[PDB]
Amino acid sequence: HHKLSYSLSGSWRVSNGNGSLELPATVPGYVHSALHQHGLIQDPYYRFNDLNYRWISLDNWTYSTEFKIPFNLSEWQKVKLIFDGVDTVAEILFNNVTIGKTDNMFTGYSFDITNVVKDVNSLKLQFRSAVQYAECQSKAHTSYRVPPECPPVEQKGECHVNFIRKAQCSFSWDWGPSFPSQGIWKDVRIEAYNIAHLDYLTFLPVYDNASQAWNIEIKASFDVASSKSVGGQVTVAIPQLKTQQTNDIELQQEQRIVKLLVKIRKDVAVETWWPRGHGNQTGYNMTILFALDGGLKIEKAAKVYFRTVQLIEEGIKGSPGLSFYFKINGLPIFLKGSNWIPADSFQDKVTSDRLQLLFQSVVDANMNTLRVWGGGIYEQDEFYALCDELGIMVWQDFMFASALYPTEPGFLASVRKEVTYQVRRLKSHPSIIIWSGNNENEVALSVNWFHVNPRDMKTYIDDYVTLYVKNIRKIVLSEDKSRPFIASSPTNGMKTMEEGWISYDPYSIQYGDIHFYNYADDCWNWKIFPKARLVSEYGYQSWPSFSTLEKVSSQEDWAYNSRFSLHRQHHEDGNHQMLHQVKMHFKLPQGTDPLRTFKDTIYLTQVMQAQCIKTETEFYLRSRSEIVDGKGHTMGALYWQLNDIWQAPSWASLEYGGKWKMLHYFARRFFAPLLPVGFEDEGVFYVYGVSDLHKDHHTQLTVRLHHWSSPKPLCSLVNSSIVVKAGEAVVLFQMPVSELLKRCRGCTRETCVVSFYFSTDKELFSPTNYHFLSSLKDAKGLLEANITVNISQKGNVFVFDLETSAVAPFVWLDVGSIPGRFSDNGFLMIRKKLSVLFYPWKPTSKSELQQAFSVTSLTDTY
């Protein structure tokens, strides 16, 4: 009864520095989006507008609004103004009275406006240019410099992003643009109360081996209006588990924290939480009822998920070092996923509809893990909600990435609020399986990316410990000891700690995880890849579809080396690298039409990306159970990256807008719960069988060869005694190349292609798989395909019946910007007739698809 909370989200007014501009602005919202929505600027993502609209990021904007309160002043002791997120530096004026300042995008603020609030009020937020601010903070840090000062030239970005607690990629990255915007990107609320006010509430399910039963630790901080003590009770009820607990409590201006510990009856069983593809995601409805003196009842609800995670760094016989794998509820699980970056340069445009759709694409690719990369943001509440319900584990970096940061007291003060705020918000989610201090910053000091004098190294080493160990780690562990914590990624884990938090070789394959990138060598030669304990990053680059680029480019920009394409590339020599990797096995497009060449080149990059990553991932999958050369037991593969922040060349598999690249279509295939991987080593074709199932599978293997001329098998080697251990990977077929060619007379490395598959279980998904005995640019007898398509509607899905003139490699179906994706794409089409489906994301007709359709095979490129 004695509580009142209503939102201030809605239509505000935004003005520029000299007041020349004043327009309506929505909250949550940024300036750019308010200017774009009001039609005062083009789409910032259009061509070179990241350079033209730089004036927006450098000016100082102001959000203002005048409101009448829906409650009488004399009926409430205290009134507070709450911000769930302000981006970033702003002075908050309430009735021409400065009530507070902000400087950290990733923490909420609360302000006591009891003495300032009137019947009608005016709330202004006077933001300051994030760019100009980050520079003054840099100039004020005169004791020494904190690298990197400015980003690479090919990123077209701003300097000193590490001096502001703001999304680190907001000043540009090697796949994203520089749009350091300003605005209120989270809800804003007025809250008046009497007696008490719940500042925050947090809980943490834990399993006590010393008790063999589950427990829920709860912590709630209150703010008491009066100096007098306050009594009451609190009741925690979980009916589904027949649990109910009531405890006395008291609050005071100094003793304002409540700590509870609910034990769950051992008589009742508790269903635990599991990642997608390894169990259920069952949770439990829970209510926490506070009942205080004077009839003030504060109730909060939330779903409770029970789950134990362990980062096991144990010993391995014959392999020096320490393992690195996760045990969920006691079972080792192989991480299968990618790295998550912000889905847009402006978070107010990352609607709920977009998120669920993006999470459907992640689910539909058989992924079970997502790494919230430390250069983006602590994602919105619905992001981690979708992870919990869908069963996606979350590797959660803190928002410090690829940079050294200052230890100035004001900065740490700001970082402490952030970390305390975010840990308390996120630690109740089961999805999160590990805390991670930063991205690649342990490597930056170990290798010295920023070329510091060995004299001043001591300084930066201390700042690394101060920030990630003395502060971030100190806070995480004071709030949560249920999840592992690592200071950085890639790291050596326990070994890193043993060496003072900066290992001698953080890229070690014998400890911790690694990031691997290679643009010069042949990506088919799996011997280049490291047989590490866990791979948390790895990726090749490709261009998005022409359909995506068309929306932010002109007619003259559609060339592979145009001013627009080179400007959109934010990676050093990314275009040359991609083509250098295409030439490795394919033929650069040889056409007359510059537009067709441009499209066929994109197509090829996506072919190079898909096959490269498919080669690399499959290597990590089969390396999960073996030790070779003192290396092995790989228990995780998260490729870089998942999504795009804008239309540009990246490592992603989801183009900005959600459209699946060809890589993502391969992801659903090489992340299946059971698949065979094919490869050869010094002239011997091997076939491993990877398993994610919980019990051993008895199935059959069939190996076949095909001449490009006709799709009929010159070979059908079948083995009926095939058993794949649970969750393991083992070789199941071994035969020399020249011998295998003699078994399939009329075949050459350069004329035939290998095919193999498991026996479908109807209730188990196991796709086919192929292997190339030679580069397709050296292939012979490869008749150019001539694919005929017939579209037909069947319910809310569309059918695509195909017929090809011969074996078509890398068949690519594209229906332009029509939102949706196919059931399979980029496949090696051996059969003459194949049928795939199309799942619309918005209403579409038979004619819309018919008109924008276009099929492509490899031979069409030259």
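Note that residue numbering follows the sequence shown and begins at 1.
Comparing the deposited coordinates for 659-667 and 389-397, the stretch with the larger average C-alpha B-factor is 659-667. Annotation for 193-201 versus 439-447: the higher mean temperature factor (C-alpha) is found in 193-201. Taking the PDB entry at face value, the top CA B factor among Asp103, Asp119, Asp84, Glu217 belongs to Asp119. For the set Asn492, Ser716, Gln182, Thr605, the PDB entry assigns the largest Cα B-factor to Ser716.
Annotation for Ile787: C-alpha temperature factor in the highest third relative to the rest of the modelled chain, per the entry. Compared with the other modelled residues of the chain, the Cα B-factor recorded for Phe800 ranks in the highest third. In this PDB entry, the Cα temperature factor of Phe685 sits in the top third of its chain's modelled residues, the highest group.
The deposited CA B-factor of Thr65 belongs to the middle third of values across its chain. Per the deposited record, the Cα B-factor of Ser817 falls in the middle third when ranked against the other modelled residues of its chain.
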